[PDB]
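Coordinate-derived values only; no laboratory data. Note that each Cβ is placed from the backbone with ideal geometry, even for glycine, and that neighbours are counted across all protein chains shown.
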Amino acid sequence: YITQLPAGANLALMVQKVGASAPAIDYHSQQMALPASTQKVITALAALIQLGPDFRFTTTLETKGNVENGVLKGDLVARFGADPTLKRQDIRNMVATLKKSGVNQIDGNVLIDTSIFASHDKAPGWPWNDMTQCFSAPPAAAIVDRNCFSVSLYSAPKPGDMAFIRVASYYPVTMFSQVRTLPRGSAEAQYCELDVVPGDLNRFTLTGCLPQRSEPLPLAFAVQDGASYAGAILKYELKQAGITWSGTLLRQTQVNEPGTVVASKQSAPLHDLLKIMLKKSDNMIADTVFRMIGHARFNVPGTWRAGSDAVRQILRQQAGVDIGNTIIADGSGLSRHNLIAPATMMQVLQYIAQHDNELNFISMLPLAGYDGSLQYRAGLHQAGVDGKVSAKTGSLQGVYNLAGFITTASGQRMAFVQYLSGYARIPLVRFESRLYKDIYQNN
Ligand SMILES: *C(=O)[C@H]([C@H](C)O)[C@@H]1N=C(C(=O)O)[C@H]([C@H]2CCCO2)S1
């Protein structure tokens with residue numbers, strides 16, 4: 001049909017009027033595919049059902065013990081809550097509030113409490129090589145400024161001398177350079193890589209080669225140990241506010257009764273965060289939300305497995321969607337383990353459309369011609385459907401997925417799932433132009 005794009009590519013496609021019993025287009029709709037960021041559609045629905053639009057992430061400073069003459073006889077607890085939007089200034093402000101409450105001194109330990117979550121901060125099936133990139137920063141219980149920092153790498157004046165790293169003193173990381181500066185001619189330039197090697201306690205070593213360059217190379221990396229990073233920031237703010245402590249910084253991972261909350265920060269409401277997540281394909285909001293869903297549903301520390309089980313259960317029991325053999329490994333779609341058929345994603349989209357007056361969901365999706373990842377998508381623009389499609393992209397090396405809704409020329413809303421992979425821009429554009437033009441004009 002319209003099928004003629006590259007032969008190496010795999011298309012599974014389903015298009016169906018909202019509320020109809022049969023699809024208008026059905027091409028290999030039962031075939032399971034990698035959803036990439038369209039996984040976020042499922043995460044958003046399950047989140048709204050389990051947590052509600054008004055859920056907020058919460059971070060607190062708590063005291064366990066008596067305060068005598070400005071001395072806490074006991075521990076300060078910083079209880080992190082996986083808030084993906086927490087900033088350095090929020091820590092500073094909670095510390096200011098702690099001081100204001102009359103605590104000048106802690107005769108005890110400072111505990112960094114991450115007990116909200118347990119097990120690894122990285123989902124099964126995430127590629128190891130992207131773990132130092134900010135887009136794949138481990139979505140830990142302890143996040144400050146997205147657990148991303150930047151660094152400037154300078155080549156040495158003398159070839160053979162070590163390239164050197166500048167980093168802002170406000171990042172509690174430890175950088176080492178083993179990078180050799182190459183002369184502009186070097187035979188080494190072709191196959192000598194420039195690499196980052198993370199170590200314990202937020203140490204990073206840069207290795208390999210860098211050709212002489214006139215300006216520094218800017219680099220941004222993901223924090224691997226969020227609890228230590230957040231601890232170091234808290235320790236700095238305590239010291240600056242003149243609060244001393246006699247113990248040490250310790251991680252608290254086991255569930256425990258809360259102390260007296262002396263300071264707190266709540267995120268924006270979940271509906272607002274889910275909107276950012278869908279409009280910008282924000283992996284960190286997606287994946288903090290995902291482990292939070294499991295924690296909320298089962299009253300256990302949030303893990304990837306509990307998140308997966310909970311989302312499956314929510315879809316089946318609340319949304320009437322049995323996802324069968326679907327694999328849900330995370331919230332963002334980062335995992336190469338995620339596997340779902342258009343027919344299953346369609347049941348999710350139909351539920352959303354049928355309940356949209358309740359969920360206010362469709363307004364959160366990128367709107368073609370306006371925003372999100374659809375501000376300008378050549379295929380949709382050329383199909384004449386700007387303003388008519390609200391959809392989530394899933395875009396990877398060779399993957400061009402779209403999942404969402406289109407209003408046709410006759411005013412009917414059709415749901416659609418386009419799972420297209422192994423693509424290797426003209427052919428995609430020609431395919432989407434034709435396909436969406438057809439859907440819009442002929443329905
Ligand atoms: C969704 O398909 C992916 C996630 C990571 O699986 C997200 N969306 C993209 C995009 O191209 O829209 C993201 C880009 C931003 C920088 C590199 O990844 S990740």
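Rounded, prolate or oblate: pick one for the chain, where a ≥ b ≥ c are the square roots of the eigenvalues of its C-alpha gyration tensor, a/c under 1.5 means rounded, and failing that, prolate if a/b is larger than b/c, else oblate.
Values: a/c = 2.50, a/b = 1.37, b/c = 1.82.
Verdict is oblate for the chain.
Divide by every residue of the chain the summed helix terms, -39500 (n - 2.57) for each DSSP H run of at least 4, and state the resulting mean residue ellipticity at 222 nm, rounded to the nearest 500 deg cm²/dmol.
Details: 10 runs with 121 residues, N = 443.
For the chain, the value works out to -8500 deg cm²/dmol.
Straight-line reach only, C-alpha to C-alpha below 19 angstrom: list the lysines that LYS235 could link to, leaving out same-chain residues fewer than 8 apart.
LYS64, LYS73, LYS87, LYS99, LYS100, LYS265
Pick out, from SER169, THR205, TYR154, the residue whose Cα sits farthest towards the positive end of the charge dipole of region 118-225, with +1 on the Cβ of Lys and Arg and -1 on the Cβ of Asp and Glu.
In region 118-225, that residue is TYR154.
Residue separation times 0.36 nm, minus the C-alpha to C-alpha distance between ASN93 and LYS239: what's the value?
51.2 nm
Can you tell which of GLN39, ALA378, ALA140 lies farthest toward the positive end of the dipole of the chain, using +1 and -1 charges on the Cβ of basic and acidic side chains (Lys, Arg; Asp, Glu)?
Among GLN39, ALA378, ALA140, the one farthest towards the positive end of the dipole of the chain is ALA378.
Which whole-Hz couplings ³J(HN,Hα) result when phi for each residue of region 147-155 is put into the Karplus expression 6.51 cos²θ - 1.76 cosθ + 1.60, θ = phi - 60°, listed in order with x for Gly and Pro?
Couplings: 6, 10, 9, 10, 8, 10, 10, 9, 6 Hz.
If amide hydrogens are placed 1.01 Å from N in the peptide plane, which non-local residues have theirs closer than 5 Å to the one on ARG251?
Result for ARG251 returns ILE112.
Starting with the highest mean, order 256-265, 292-301 by the number of other Cβ atoms within 10 Å, averaged over the residues of each peptide. Walk me through the numbers on the way to the answer.
Values: 256-265: 15.5, 292-301: 19.4.
Packing order, densest peptide first, comes out as 292-301, 256-265.
Determine which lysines satisfy two conditions relative to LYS388: a Cα distance under 25 Å, and not lying fewer than 8 residues away in the same chain.
Counting by Cα, and skipping residues close in sequence, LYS388 has these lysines nearby: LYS17, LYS40, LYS275, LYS279, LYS280, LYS437.
Please report, in debye to the nearest 20, how large the charge dipole of region 118-225 is about its Cα centre when each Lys and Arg carries +1 at its beta carbon and each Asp and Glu carries -1 there.
Numbers: 8 positive and 10 negative charges, 58 e Å.
Dipole size: approximately 280 debye.
Spelling out what I want: for every residue of region 123-132, take phi, set θ = phi - 60°, compute 6.51 cos²θ - 1.76 cosθ + 1.60 (Karplus), and round to whole Hz; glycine and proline get x.
The phi angles translate into 6, x, x, 6, x, 4, 5, 8, 5, 8 Hz.
Using +1 on the beta carbon of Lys and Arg, -1 on that of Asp and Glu, and nothing else charged, what's the dipole of the chain about the Cα centre, debye to 20?
Details: 40 positive and 33 negative charges, 111 e Å.
So the dipole magnitude of the chain works out to roughly 540 debye.
Give me a comma-separated list of calculated 3J(HN,Hα) values for region 375-380, in order, Karplus coefficients 6.51, -1.76, 1.60 applied at θ = phi - 60°, integers in Hz, x for any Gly or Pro.
Each residue of region 375-380 in turn: 3, 9, 10, 2, x, 6 Hz.
State the extension gain, in nm to one decimal, for the chain segment bounded by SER395 and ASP107, taking 0.36 nm per residue of separation less the distance between their alpha-carbons.
Values: separation 288, 0.36 × 288 = 103.68 nm, distance 5.19 nm.
The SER395-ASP107 span can extend by a further 98.5 nm.
I need the calculated FRET efficiency for the pair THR207 and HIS120, taking r as the beta carbon distance and R₀ as 22 Å, to the nearest 0.05. Mind dumping the intermediate values first?
Numbers: r = 25 Å, r/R0 = 1.14.
After rounding, the FRET efficiency stands at 0.30.
Enumerate the amide H contacts of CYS148 below 5 Å, restricted to partners 5 or more residues apart or on another chain; note that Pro and chain-start residues carry no placed amide H.
So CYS148 has HN proximity to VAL223.
Exposure proxy check: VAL348, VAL417, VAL18 ranked by fewest other beta carbons within 10 Å? List each step's numbers first, then the result.
Numbers: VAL348 24, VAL417 28, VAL18 15.
The order, fewest Cβ neighbours first, is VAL18, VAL348, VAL417.
So, in Å, what gap is there between the alpha-carbon centers of region 39-76 and region 307-340?
Each part reduced to its Cα centre gives a spacing of 26 Å.
Ranking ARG184, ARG92 by Cβ neighbours within 10 Å, fewest first, what do you get?
Values: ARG184 9, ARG92 16.
The fewest-first ordering by Cβ neighbours comes to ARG184, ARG92.
Tell me which residues come under 5 Å, amide H to amide H, from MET175 once H is placed; ignore anything under 5 positions away on its chain.
Amide H to amide H, under 5 Å and 5 or more residues apart or across chains, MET175 pairs with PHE204.
Give me the one-decimal nm value for the distance between modelled label points at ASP54 and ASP26, 7 Å along each residue's Cα-to-Cβ direction.
Those two pseudo-labels are separated by 4.3 nm.
Once the piece of chain linking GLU215 and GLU257 is laid out straight, how much longer is it, given 0.36 nm per residue of separation minus the C-alpha distance between them?
Values: separation 42, 0.36 × 42 = 15.12 nm, distance 5.24 nm.
Using 0.36 nm per residue and subtracting the Cα-Cα distance, I get 9.9 nm.
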